[PDB]
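One chain follows as structure tokens, the form deposited in one PDB entry.
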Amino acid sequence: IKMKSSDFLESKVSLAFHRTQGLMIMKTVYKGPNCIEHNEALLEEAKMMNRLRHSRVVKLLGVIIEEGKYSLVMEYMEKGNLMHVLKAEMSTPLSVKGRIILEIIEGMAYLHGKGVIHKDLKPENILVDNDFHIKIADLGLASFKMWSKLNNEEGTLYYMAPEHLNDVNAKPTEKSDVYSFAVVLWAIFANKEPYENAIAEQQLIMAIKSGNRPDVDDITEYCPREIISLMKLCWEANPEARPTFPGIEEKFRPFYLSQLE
């Protein structure tokens, strides 16, 4: 699982070419003074990332732990993130959008089943391959404590549950990821980011905390009536009222097979 920087041809998210295994994605996280006290915990977190093995989760291919330099190596996803694909000038049919929603659900159920709270689910953390299959990613390292710590030693809020806005000590839960899935759902059918009419961040933060949600009327594409009810269910103000991902998969999978696929 551990690699060396010299395992890569010579040229912060970059395309990298490993000398034997080929094209990969490299994110160098820290390039400063030595800090080897963190190293066993960083290595154990990398091993936890590497044990996340599921078709809808980006695989960690390697970790570089060098005396001044820490890097994570991931597999490459050819088509970029969900928002870029939704905005490409070829249209994405309802059947493919339905499949993507189910795969996001499958990936998120798997992560929650492994005791992982994503904490930063958004269209940019949903990557797409050539066949329009998706994998969940963590570009800002929001999910693993020590790597997030190392990233910050010396982000968009459209998808943040309202309980976390203006609250640095609220602990993210499974219901915080369910909130983010709701707005991603809205984005998949609007083909754009929400809240285009916001003027100021404090206006948007306070509006969302008081009950503002993405404009369902701004979906001019056909959006099945059950998916509008799903997003509204998932962005409920009270987290206890939000469903779980296994619960979402149990209602959305038959609906996807009978109507959308």
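A residue's number is simply how far along the shown sequence it sits, counting from 1. Think of the rigid core as the biggest set of C-alphas that the two forms share within 1.5 Å after superposition.
Below, we refer to the form deposited in another entry, which is not included among the displayed structures.
Undergrad: Is residue 253 one of the residues whose C-alpha moves 2 Å or more between the shown form and the other one after the core fit?
TA: It does not reach a 2 Å shift.
Undergrad: Answer yes if the Cα of residue 21 shifts by 2 angstroms or more between the shown form and the other one on a rigid-core superposition, and no otherwise.
TA: Yes; that C-alpha moves by at least 2 Å between the shown form and the other one.
Undergrad: Taking the rigid core as the reference frame, is the Cα of residue 200 displaced by 2 Å or more between the shown form and the other one?
TA: Passes the 2 Å threshold, so yes.
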